[PDB]
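Read through the structure below, which is laid out as structure tokens, and then see the notes.
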Amino acid sequence: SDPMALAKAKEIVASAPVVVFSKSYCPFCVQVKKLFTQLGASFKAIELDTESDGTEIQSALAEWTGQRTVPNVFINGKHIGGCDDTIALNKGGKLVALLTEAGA
């Protein structure tokens with residue numbers, strides 16, 4: 005797959021608005037998903053452990069964005085990073101913006 009993988013990855017992120025690459029069993033990914041939901045957001049999630057490819061993706065996402073952990077939050081305009089970040093963008097009443105611009 006490889007570049008075939010990197011495509012699907014990108015394909016996914018496009019539409020969106022929000023996209024969280026994720027695993028089923030990831031504590032943090034769930035904090036994210038909630039944050040959105042309790043924000044009035046709307047997203048699309050992709051549990052990579054579920055899918056047969058998802059591991060290649062993860063490799064793709066790594067090359068592409070340098071983030072090997074999950075989740076991988078995208079808000080329309082590309083890469084936000086992790087939960088680890090997404091929250092901090094909510095500290096300052098901004099994450100509500102980017103989400104709005106993308107649609108809530």
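Numbering (this note's numbering), first residue to last: 5 to 108.
Every residue gets a Cβ at the ideal spot worked out from N, C-alpha and C, and that includes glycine.
From the DSSP output, in three-state form, read off residue i for me.
i     : result
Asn76 : strand
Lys14 : helix
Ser26 : strand
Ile61 : helix
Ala92 : helix
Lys48 : strand
Which residue from the options puts its Cα closest to that of residue i?
i     : options                       : result
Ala11 : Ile50, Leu65 and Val23        : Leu65
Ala45 : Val22, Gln35, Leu52 and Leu93 : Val22
Could you tell me the alpha carbon to alpha carbon distance between residue i and residue j, rounded to whole angstroms?
i         : j      : result
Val24     : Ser56  : 18 Å
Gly86     : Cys30  : 12 Å
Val34     : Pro7   : 29 Å
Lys82     : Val100 : 16 Å
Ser5      : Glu60  : 8 Å
residue 4 : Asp53  : Beyond the ends of the chain as shown, which are 5 and 108, falls residue 4; an answer cannot be given.
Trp68     : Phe78  : 13 Å
Determine, using beta carbons only, whether residue i and residue j come nearer to each other than 7 Å.
i     : j     : result
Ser19 : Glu51 : no
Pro75 : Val36 : yes
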